[PDB]
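# Topology and contacts: notes
What follows is the residue order along each chain.
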Amino acid sequence: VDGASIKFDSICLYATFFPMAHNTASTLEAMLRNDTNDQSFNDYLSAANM
Amino acid sequence: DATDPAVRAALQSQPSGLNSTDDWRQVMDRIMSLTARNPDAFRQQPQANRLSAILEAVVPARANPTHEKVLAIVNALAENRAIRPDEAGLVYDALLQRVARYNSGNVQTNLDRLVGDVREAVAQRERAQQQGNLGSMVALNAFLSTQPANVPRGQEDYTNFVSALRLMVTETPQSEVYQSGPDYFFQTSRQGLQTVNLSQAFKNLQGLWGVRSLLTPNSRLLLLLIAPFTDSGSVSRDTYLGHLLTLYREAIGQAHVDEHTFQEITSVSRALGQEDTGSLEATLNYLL
């Protein structure tokens, strides 16, 4: 009601890459595709919220 | 023939075609059609080209060899470094002016003797370059006159070392010895590094031939250069100079097989896929 407005011109996605060596980043790739090396995470709040 | 001062003078004064004076037989084989390849190539010329070659054949034209005899001399002076290549036109007009003031039957014969003399002197210098011995043997034997021929201890090691010292300057045509003030030196190549000091090395090795932290690093540079020209029986086994000459022969042989090992490891580290910065540093730290 108070006349505030937001308008999106453009959105760009950025992604910073560690310049890892191509034998090191291929060893790390091959280790992290094994199902025992799955990256498991956790919500910090960890709650169902009612 | 590319370094022949009269072949080079023929490529700068004589025509590149078949005139009937320098090449009389080769043009009479073509006028008279007795050539193997294309005999009938002379009948297919106009009368201006065909009759003007017959007239130069049945009565040929005389010529001056004087500009060709002098240019063979100038192109040998410029080749044996007697003149500069910029002075090649200056001394050519200077010699043509002298053989024009003093022209005779004696001088034109004497220029004919001297263009055979400079063919030899160009080839004699180029043989002496590839042999590479005459400037070094007269200055290494001049060095060894200064050094005494009788050390107190270890004369057997000393007279085989100085005989192997004559073997470097003989079996390496680029190596040379000279003098610069008091001392004499030894370069392993023309305009190259590893210059040892002979007068400082033999005043260091004198007193170490029978000893069985104390060596100047140019003496050790001399013991590195003399190592492939020294047998196991040329010096002793227990003597500290003889113990190092075997140790420097193993160091050359290990650096000769670490050279071939380097060319193998870096070849299979590019195809396997590594950092090209770290493939070249981890290999040397494995080899050094």
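Residues numbered from 1 in each chain as written, not as in the entry; some residues may be left out. Chains lettered and ligands numbered in written order. Part of a larger assembly, values for the part shown. Heavy atoms only, no water.

In its metadata, the entry names cryo-EM as the structure determination method and reports 3.2 Å as the resolution.

## Brief notes about the sheet that holds strand 1 (residues 176-180) of chain B
Residue and element names in this part refer to chain B. The antiparallel open sheet is built from three strands, whose spatial order is 1-2-3. Looking along the sheet, the strands with just one partner apiece sit at the ends: strand 1 and strand 3 (195-197). In this sheet, adjacent strand axes meet at a mean angle of 30 degrees when their direction is disregarded. Judged from the three bridges that link them, strand 2 (residues 183-187) and strand 3 form a sheet pairing that is antiparallel. Its bridge partner being in strand 3, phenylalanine 185 is matched across the sheet by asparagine 197. In the packing of helix 7 (residues 134-146) onto the sheet, the strands contacted are strand 1 and strand 2, and the crossing angle to strand 1 comes to about 55 degrees. (Pairing = 2+ DSSP bridges. Helix = DSSP H or I, 4+ residues; strand = E, 2+ residues; numbered from the N terminus. Axes fitted to C-alpha atoms, helices over the stretch in contact; angles between N-to-C directions. Contact = heavy atoms within 4.5 Å.)

## What about the packing of aromatic side chains?
Applying the stated criterion across every chain, the model contains six aromatic pairs over all chains. Each residue in the set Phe143, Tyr158, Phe161, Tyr184, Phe202 and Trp209 of chain B is aromatic and connected to the rest through ring pairs, giving one cluster. (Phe/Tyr/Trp six-rings, centres within 6.5 Å; stacked < 30°, edge-to-face > 60°.)

## Considerations on the nonpolar core
Inside soluble globular proteins, nonpolar side chains tend to come together where they are buried. Residues and elements named next belong to chain B. Judged by nonpolar contacts, the single largest core of 33 residues is most densely connected at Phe161 and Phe202. Where this core is concerned, the elements lending two or more residues are helix 7, helix 8 (155-170), strand 2, helix 9 (198-201), helix 10 (217-225) and helix 11 (240-265). Here this core takes seven residues from helix 8, the largest share from any one element. With twelve residues, the next largest nonpolar core counts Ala6, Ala9, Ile73 and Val99 among its residues. (Core = buried A, V, L, I, M, F, W, Y, C linked by side-chain atoms within 4.5 Å. Buried < 20%, exposed > 50% of the residue type's maximum accessible area, 1.4 Å probe, protein only.)

## So, unusual backbone geometry
With phi around 55 degrees, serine 46 of chain A is a residue other than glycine that occupies positive phi space. Locating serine 46 of chain A in the fold gives a position in the segment after helix 1 (24-32).

## Examining the domain arrangement of chain B
Under the domain assignment used here, chain B contains domain 1 (1-131) and domain 2 (135-288). Taking only C-alpha atoms into account, the centre of domain 1 of chain B sits 51 Å from that of domain 2 of chain B. (Domains from an automatic or database assignment.)

## Description of the pattern of salt bridges
Evaluated as defined, the whole model comprises three salt bridges over all chains. Residue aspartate 9 of chain A pairs with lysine 7 of chain A through a salt bridge whose shortest N-O separation is 2.8 Å. The pair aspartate 9 of chain A / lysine 7 of chain A is uniform in exposure class, with both members exposed. A salt bridge links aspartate 40 of chain B to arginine 43 of chain B; the nearest nitrogen and oxygen atoms lie 3.4 Å apart. (Salt bridge = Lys/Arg side-chain N within 4 Å of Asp/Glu carboxyl O.)

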